[PDB]
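First, one chain by itself in C-alpha cells, the form solved without the DNA.
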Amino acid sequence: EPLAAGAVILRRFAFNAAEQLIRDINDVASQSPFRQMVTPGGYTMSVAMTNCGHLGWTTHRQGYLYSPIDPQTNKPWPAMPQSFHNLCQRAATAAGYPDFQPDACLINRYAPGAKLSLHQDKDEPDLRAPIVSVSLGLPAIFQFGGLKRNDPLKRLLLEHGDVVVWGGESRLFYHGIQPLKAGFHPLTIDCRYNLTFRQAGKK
C-alpha cells in the first residue's frame, strides 16, 4: 500500500524471516540488554530498547546520541545480524530505495500498555536515507501523519511480519505507536518487537 509520497507498507514482508529475526533479537539482547530510557525532556519511555550495528541510539536526561558503544555495558553494540542485514536490504529494494546502507538498528520491545509518542526521526544527519521499520509479534496501531505535528494522522494496524518504509518527501513525517493491547503470540510471547534500520552516521 501507497502510504505517502516516498512511503510504503509491505504487509507480511518479513513473515518468513521472523523466526530467525527474533532469535537474533534475543542474541543481541543477551549482550546489550533491553532498557527503558529517559528523554532529555525528562520523560521515561515505556518502550524498552537496545541496538545492534555500528551505531546505537540512547538517551538520558542530559541528551541523546548515536554511539558505537552501549553506555550500559561500555562495550560496542553487537554487530548487525546477517538476517537483519538481508531483510533490510530486501525491504529497502522492494520499497524503491535499493542503495540504502544502514549502519544502525534500534530494537524496540513493547510490553502491554507500552507506546511510542508521536515524533519525527530527525536525529540522523543525512536525511536522504529512508527508514526501514519491521514489526514482529503482537499487533499495534501505527500513526503516520505529515510534516507538521498537527497534520492528520492515518492509523494502521501493523501485524507480525509487516514492514513500513518512508523517505524522500515523507522522511520527516510524524509517526508513533499507540498503547499495545495485551495478548499472546507464539514467537514473542507477550510483546511486540520492532526493528528500525537507519543510516545514522555520515556516508
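All residue numbers are counted from 1 along the displayed sequence.
Although not depicted, the form deposited with the DNA bound is the subject of the following passage.
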Heavy atoms, 4.5 Å, the DNA in the deposited complex: which of 83 to 91, 97 to 105, 110 to 118, 67 to 75 makes the cut? Say which one. 110 to 118
Just checking whether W57 would be counted as a contact of the DNA in the deposited complex - the rule being heavy atoms within 4.5 angstroms. yes
According to a 4.5 angstroms non-hydrogen atom cut-off, is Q31 in contact with the DNA in the deposited complex? no
Is it the case that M45, even though its partner is missing from this view, gets within 4.5 Å of the DNA in the deposited complex, heavy atoms only? yes
Decide whether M49 counts as a contact residue for the DNA in the deposited complex under a heavy atom distance cut-off of 4.5 Å. yes
Does the DNA, in the deposited complex, lie within 4.5 angstroms of each residue among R11, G161 and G183, using heavy atoms as the measure? no
Applying a 4.5 angstroms cut-off on non-hydrogen atoms, the residues of 149 to 181 near the DNA in the deposited complex are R149
